[PDB]
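Same order as they appear, the protein sequences are chains E, Y and S.
The first sequence runs contiguously to residue 440 in full-length UniProt numbering.
The second sequence runs contiguously to residue 185 in full-length UniProt numbering.
Residues 1 to 94, 98 to 273, 284 to 431 in full-length UniProt numbering are what the third sequence lists, from first letter to last.
Heads up: the structure comes next, in structure tokens.
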Amino acid sequence: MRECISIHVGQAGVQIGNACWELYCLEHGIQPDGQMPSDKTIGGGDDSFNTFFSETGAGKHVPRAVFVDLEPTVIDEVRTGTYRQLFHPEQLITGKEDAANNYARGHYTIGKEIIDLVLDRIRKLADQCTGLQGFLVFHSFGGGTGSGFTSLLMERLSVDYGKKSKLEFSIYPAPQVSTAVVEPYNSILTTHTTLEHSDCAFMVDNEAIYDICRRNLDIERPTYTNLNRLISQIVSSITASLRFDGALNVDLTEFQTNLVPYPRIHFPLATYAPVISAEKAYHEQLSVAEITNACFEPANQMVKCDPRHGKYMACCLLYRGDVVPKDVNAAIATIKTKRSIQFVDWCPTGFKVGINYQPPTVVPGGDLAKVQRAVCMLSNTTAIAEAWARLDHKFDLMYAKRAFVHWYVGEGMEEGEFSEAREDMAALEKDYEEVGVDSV
Amino acid sequence: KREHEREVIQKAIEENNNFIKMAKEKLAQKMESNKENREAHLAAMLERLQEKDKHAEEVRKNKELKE
Amino acid sequence: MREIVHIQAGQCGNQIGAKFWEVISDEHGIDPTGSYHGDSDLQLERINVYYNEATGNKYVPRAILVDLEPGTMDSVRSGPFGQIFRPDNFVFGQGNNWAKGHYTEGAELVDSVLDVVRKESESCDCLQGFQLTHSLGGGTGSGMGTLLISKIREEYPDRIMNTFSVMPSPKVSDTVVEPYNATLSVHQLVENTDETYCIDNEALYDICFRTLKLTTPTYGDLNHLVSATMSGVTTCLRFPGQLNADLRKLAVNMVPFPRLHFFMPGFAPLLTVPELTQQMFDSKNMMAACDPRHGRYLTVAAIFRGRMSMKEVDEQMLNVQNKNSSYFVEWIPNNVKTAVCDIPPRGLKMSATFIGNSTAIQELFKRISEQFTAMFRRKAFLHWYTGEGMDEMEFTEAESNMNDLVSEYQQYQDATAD
Ligand SMILES: Nc1nc2c(ncn2[C@@H]2O[C@H](COP(=O)(O)OP(=O)(O)OP(=O)(O)O)[C@@H](O)[C@H]2O)c(=O)[nH]1
Ligand SMILES: Nc1nc2c(ncn2[C@@H]2O[C@H](COP(=O)(O)OP(=O)(O)O)[C@@H](O)[C@H]2O)c(=O)[nH]1
Ligand SMILES: COc1ccc(N(C)c2nc(Cl)nc3ccsc23)cc1
Ligand SMILES: [Ca+2]
Ligand SMILES: [Mg+2]
Numbered sequence: 001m002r003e004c005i006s007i008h009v010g011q012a013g014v015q016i017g018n019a020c021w022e023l024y025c026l027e028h029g030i031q032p033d034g035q036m037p038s039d040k041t042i043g044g045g046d047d048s049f050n051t052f053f054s055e056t057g058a059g060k061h062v063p064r065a066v067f068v069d070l071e072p073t074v075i076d077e078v079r080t081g082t083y084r085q086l087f088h089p090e091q092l093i094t095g096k097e098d099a100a101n102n103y104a105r106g107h108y109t110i111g112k113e114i115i116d117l118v119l120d121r122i123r124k125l126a127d128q129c130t131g132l133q134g135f136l137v138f139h140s141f142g143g144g145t146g147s148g149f150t151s152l153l154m155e156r157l158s159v160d161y162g163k164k165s166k167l168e169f170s171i172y173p174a175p176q177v178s179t180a181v182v183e184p185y186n187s188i189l190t191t192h193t194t195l196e197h198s199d200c201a202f203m204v205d206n207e208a209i210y211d212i213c214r215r216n217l218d219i220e221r222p223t224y225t226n227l228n229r230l231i232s233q234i235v236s237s238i239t240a241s242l243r244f245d246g247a248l249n250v251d252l253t254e255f256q257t258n259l260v261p262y263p264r265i266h267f268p269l270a271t272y273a274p275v276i277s278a279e280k281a282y283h284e285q286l287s288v289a290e291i292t293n294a295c296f297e298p299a300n301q302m303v304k305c306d307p308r309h310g311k312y313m314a315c316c317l318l319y320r321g322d323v324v325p326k327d328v329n330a331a332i333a334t335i336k337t338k339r340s341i342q343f344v345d346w347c348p349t350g351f352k353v354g355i356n357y358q359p360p361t362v363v364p365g366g367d368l369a370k371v372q373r374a375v376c377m378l379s380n381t382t383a384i385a386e387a388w389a390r391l392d393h394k395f396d397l398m399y400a401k402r403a404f405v406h407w408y409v410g411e412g413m414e415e416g417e418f419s420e421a422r423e424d425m426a427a428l429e430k431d432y433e434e435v436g437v438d439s440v
Numbered sequence: 119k120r121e122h123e124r125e126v127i128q129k130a131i132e133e134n135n136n137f138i139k140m141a142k143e144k145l146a147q148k149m150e151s152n153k154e155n156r157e158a159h160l161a162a163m164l165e166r167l168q169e170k171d172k173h174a175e176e177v178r179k180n181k182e183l184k185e
Numbered sequence: 001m002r003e004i005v006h007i008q009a010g011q012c013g014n015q016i017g018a019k020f021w022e023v024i025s026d027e028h029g030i031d032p033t034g035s036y037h038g039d040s041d042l043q044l045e046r047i048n049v050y051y052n053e054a055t056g057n058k059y060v061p062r063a064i065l066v067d068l069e070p071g072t073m074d075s076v077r078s079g080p081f082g083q084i085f086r087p088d089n090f091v092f093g094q098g099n100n101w102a103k104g105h106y107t108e109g110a111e112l113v114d115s116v117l118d119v120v121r122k123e124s125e126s127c128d129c130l131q132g133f134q135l136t137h138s139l140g141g142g143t144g145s146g147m148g149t150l151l152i153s154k155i156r157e158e159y160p161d162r163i164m165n166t167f168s169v170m171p172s173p174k175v176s177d178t179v180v181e182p183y184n185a186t187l188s189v190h191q192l193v194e195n196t197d198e199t200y201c202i203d204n205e206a207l208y209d210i211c212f213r214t215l216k217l218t219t220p221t222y223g224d225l226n227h228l229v230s231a232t233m234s235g236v237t238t239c240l241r242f243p244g245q246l247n248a249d250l251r252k253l254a255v256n257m258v259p260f261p262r263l264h265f266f267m268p269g270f271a272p273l284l285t286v287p288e289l290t291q292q293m294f295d296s297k298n299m300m301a302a303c304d305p306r307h308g309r310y311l312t313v314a315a316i317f318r319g320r321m322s323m324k325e326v327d328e329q330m331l332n333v334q335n336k337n338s339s340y341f342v343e344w345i346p347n348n349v350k351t352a353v354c355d356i357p358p359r360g361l362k363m364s365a366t367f368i369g370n371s372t373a374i375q376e377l378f379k380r381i382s383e384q385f386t387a388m389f390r391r392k393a394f395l396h397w398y399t400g401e402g403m404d405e406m407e408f409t410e411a412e413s414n415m416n417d418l419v420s421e422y423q424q425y426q427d428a429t430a431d
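So this is what it looks like as structure tokens:
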């Protein structure tokens, strides 16, 4: 047992969910019809992959997942796509009017009309779990649905499932692929509302992913599909410990103990390597030392910021593939001498290491080269607050003139909700400053 | 020590319950005032549109008086 | 489906309405009979936004035709594609006076039009709202059109009201009461629409005369510009792309304050990707007779149609903003958004359509304010209106509200971040 239920919310969350579940099926040998020939446990089993897939008597392996959107367009492509047989129709939930890039419509006007149905569907998934561990919630900061409906759902989940674990994968906005000018408003509103209801949240900066596709995959102008194939690789690295068995496997919840020193400081920086084109991986094998080194190169981070000018409170390495502890320990030792890794004075400096032997998979027709070993680093660095600073500044430029605020007020929100949300963000930025100051 | 052990678990139950309780009350209050505020905004919008019908009736009346 | 209901009113409204339906029916592969003889299916993926589907695979525009004079209805039905419209959606009466269109003549007929609006609206899976084509200088499209907006807005207060409003110019029409009619309509539009495209007959003429070198341009010459623009600004409503645009998302992202909802459209060419961008931000390609360098951009939406390197579009749009950074308000970050669609308009391999919310639009309203007060401070011609029961205070108030719009546009042009 220890099941995990994934919840995919709004355009970004749904489409990233498509990439992730496709990759999971390839990693576990699950066909588009849901059949898994190597599973001799027909209709059940307590295997590692069963944390993410349930099984029917007919041998079908079904994602423990719900897709929710306030309009039908994006989820309809799942209903008619390559993996349509994978999902029971009740797992794919759509309204008719989206949030129109408006947090207040996602949280209140449109969102409140479908929230009870969404919790009914989630409840049906939970009732099939013998040991439910928690939820993984995928959404954008910037969309009206990803921000407003997600925070409504997180509030309702805290009520309906006590303090059962809730983790987030959150898409931080970038000008290169953003869709709305009010994304800073929606980001601050949802970050404020969700902060108490989330235990751990992985921010993915679309500009960082966009740059990695351009720099390392030689993609001239990356699309959502390019970004999502890379994002799903990072999500897969983080969830690999939950989905695979392993002597050196370390549970994600055990990394969380180290990553979260105070409830509000729960935003780990993810760095992933190697991201390399097929043309360049050819006759070029990257060693454990090389991919580990790449985790301390800021250009490989999921969030643009500079950990060299911040302090570390934790550092975790999640390896997959042909890796043994001896190579890892050797790579870390040289890195410590050669790199700018400053820890805060109140936490130990060792690196926590997990190794899963199943090597990374790539989606056919993708851009990533298939490699023998990969690593995702998860670090708690004060540097991640820069991303809050950039967003809070953009929020402030517009809010001082109250630009666009009438669209939220017209849906029933009050100005005090904006300032209350911005004050929490200011206090968050200050929390990150304080944890970095030396003890007395 | 046994007394302290059950007081610890009762305290854990009480905090978890109180958190659930306050979250439930917080959004119930939030959705209530959101519904009021949106309705007040729509009510004001109609009330000014209706004043436009009152004024349009008066306009036709004044035209009749001009005959 | 996210349906738009289209309404065209008065002399000008029905003319530009037909051309819009001609141009987008051609772009989506619909003939005058309503049948689909189309090459690609991108044309049909979002076709329900603007077309009702009929038995036998007929596509009927969700369009309603209105006029207080029966003549222009006949030309529409006789005009190209006249058989595509649903015959019940014609509503006609039996005089260039706003008061007659809004209060006395237009009121007599407005209840009948709403019945038709209701019928098309009740068949909608999820109504986005409405788009109205009309002139502000006549009597029917101007006066009755704005009455229809109020009555529709009363019944659909949670739908978006969008208009394509044609501003009068002495360069196109000599009727003296145009500045009165325009001012009275603007007074309505400021209060009762969410988005308005200012389609300026002055700019359309100036484009034809100077850019297109027509000594005497016709209403046919002017409307060819209008159809290209209307095709451009609706692109992201009609086709699948990286953004799921609809009328509400357009309003939310373009309108920072409720009253500042009057857009300058632009089109290019009237080419290279750098040139399209350069021309599109050029005053000579604006459909509203305003110079953007005389104001500042609150928000901008740009649409590139045709086949081209989107990498190059991205760089050129970043380039124009960096080099013209003074003309974009600094307190709205990233206020320019670009969309790209593969199908170009008819006759063009590449085009750029521009939608700007610029404080320079105040020049348009200032021009009308001059022509208005030139008459009102003489109390000239008021009898056409006070004879219908209107009060002087009403002209003062409509004048005063439009004066307020220009001040507000000037207030945010001068605002700064620090
Ligand atoms: N990485 C990635 N980001 C996406 C994707 N789709 C949307 N986004 C991001 O999400 C932000 C907007 O939120 P959306 O999820 O698209 O909006 P929504 O959730 O559908 O909510 P609505 O506004 O009501 O439609 C944009 O800034 C995009 O950068 C995607 O497929 N992959
Ligand atoms: N640009 C443009 N303006 C027009 C057109 N038709 C009328 N107008 C303007 O509209 C004003 C008169 O409105 P009118 O069309 O007579 O309204 P209606 O007769 O009630 O439908 C004049 O000032 C014209 O400048 C047109 O086809 N193109
Ligand atoms: C200022 O930032 C924005 C401006 C506009 C939009 N939206 C919703 C659009 N809607 C339509 Cl119909 N077309 C276009 C074309 C380019 S953007 C756009 C989004 C953000
Ligand atoms: Ca099994
Ligand atoms: Mg959406």
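Cβ coordinates follow ideal geometry from the N, Cα and C atoms, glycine included.
Query, Result
"Could you work out which residue in S:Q8, S:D114, S:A185 and S:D128 is closest to Y:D171 when comparing CA atoms only?", "S:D114"
"If you measure from the beta carbon of S:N370 to each beta carbon in chain E, is any gap under 8 Å?", "no"
"Out of curiosity, what's the CA-to-CA distance linking S:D67 and S:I381?", "25 Å"
"Can you tell me which of the three DSSP states S:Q8 falls into?", "strand"
"Specify the secondary structure class of S:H137 as computed by DSSP and reduced to three states.", "strand"
"From which residue to which residue does the beta strand (DSSP E) around residue 446 of chain E run?", "In the structure as shown, chain E starts at 1 and stops at 440, and residue 446 of chain E therefore has no counterpart that could be examined."
"Taking only the alpha-carbon atoms, compute the straight-line gap between S:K324 and S:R77 and give it to the nearest angstrom.", "45 Å"
"Between Y:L167 and chain E, is the shortest Cβ-Cβ distance under 8 Å, so that the two count as touching?", "no"
"Using a C-beta to C-beta distance shorter than 7 Å, which residues of chain S count as neighbours of Y:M163?", "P160"
"Beta-carbon separation of E:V235 and E:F141 under 8 Å?", "no"
"I want to know whether the region 159 to 167 of chain S touches the region 118 to 128 of chain E - three or more CB-CB distances under 8 Å.", "no"
"What number of angstroms, rounded off, separates the C-alpha of S:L215 from the C-alpha of E:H88?", "60 Å"
"Between S:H137, S:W397, S:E407 and S:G223, which has its C-alpha nearest S:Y200's C-alpha?", "S:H137"
"The beta strand (DSSP E) with E:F202 in it runs from where to where?", "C200 to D205"
"Reducing DSSP to helix, strand and coil, say where S:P268 ends up.", "strand"
"Is it right to say E:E90 is buried, meaning 16 or more other beta carbons lie within 10 angstroms of its own, or is it exposed?", "exposed"
"Leaving out five residues on either side along the sequence, give the residues of the same chain with a beta carbon under 7 Å from the beta carbon of E:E22.", "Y83 and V363"
"Please tell me whether E:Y312 and E:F343 are closer than 8 Å, where the distance is taken between their beta carbons.", "yes"
"If you measure from the beta carbon of Y:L145 to each beta carbon in chain E, is any gap under 8 Å?", "yes"
"With a threshold of 16 other CB atoms inside 10 Å of the CB of S:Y50, please say whether the residue is buried or exposed.", "buried"
"Starting from Y:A141, find everything on chain A with Cβ-Cβ shorter than 9 Å and list it in chain order.", "Protein chains in the displayed structure are E, Y and S, and chain A is not among them."
"Anything in the region 371 to 401 of chain S with a Cβ closer than 7 Å to a Cβ of chain Y? List those residues in chain order, please.", "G400 and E401"
"Closest to E:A100 by CA distance: which of E:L136, E:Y108, E:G144 and E:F67 is it?", "E:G144"
"Please check if any C-beta of chain Y sits within less than 8 Å of the C-beta of E:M203.", "no"
"How would the residue list near ligand 2 read, in chain order, if you kept each one whose beta-carbon is closer than 5 Å to any heavy atom?", "S:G10, S:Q11, S:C12, S:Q15, S:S138, S:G140, S:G141, S:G142, S:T143, S:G144, S:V169, S:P171, S:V175, S:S176, S:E181, S:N204, S:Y222 and S:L225"
"What I want to know is whether the C-beta of S:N256 ends up closer than 7 Å to one or more non-hydrogen atoms of ligand 3.", "yes"
"Measuring CA to CA, which of S:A206, S:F260 and S:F92 is closest to S:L418?", "S:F260"
"Among all the DSSP beta bridges, which residues are the ones paired with S:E198?", "S:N165"
"Here's the rule I'm using: 16 or more other beta-carbon atoms within 10 Å means buried, otherwise exposed. How should E:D120 be labelled?", "exposed"
"By how many angstroms is the C-alpha of S:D118 removed from the C-alpha of S:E125?", "11 Å"
"Please identify the residue among S:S153, S:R62 and S:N347 whose C-alpha is closest to the C-alpha of S:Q131.", "S:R62"
"Just to confirm, does E:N50 get its C-beta within under 7 Å of one of the non-hydrogen atoms of ligand 4?", "yes"
"Specify, as a first and last residue, the run of the alpha helix (DSSP H) that E:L125 falls within.", "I115 to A126"
"Which of the three DSSP states, helix, strand or coil, is assigned to Y:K170?", "helix"
"Under the three-state reduction of DSSP, which class applies to E:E22: helix, strand or coil?", "helix"
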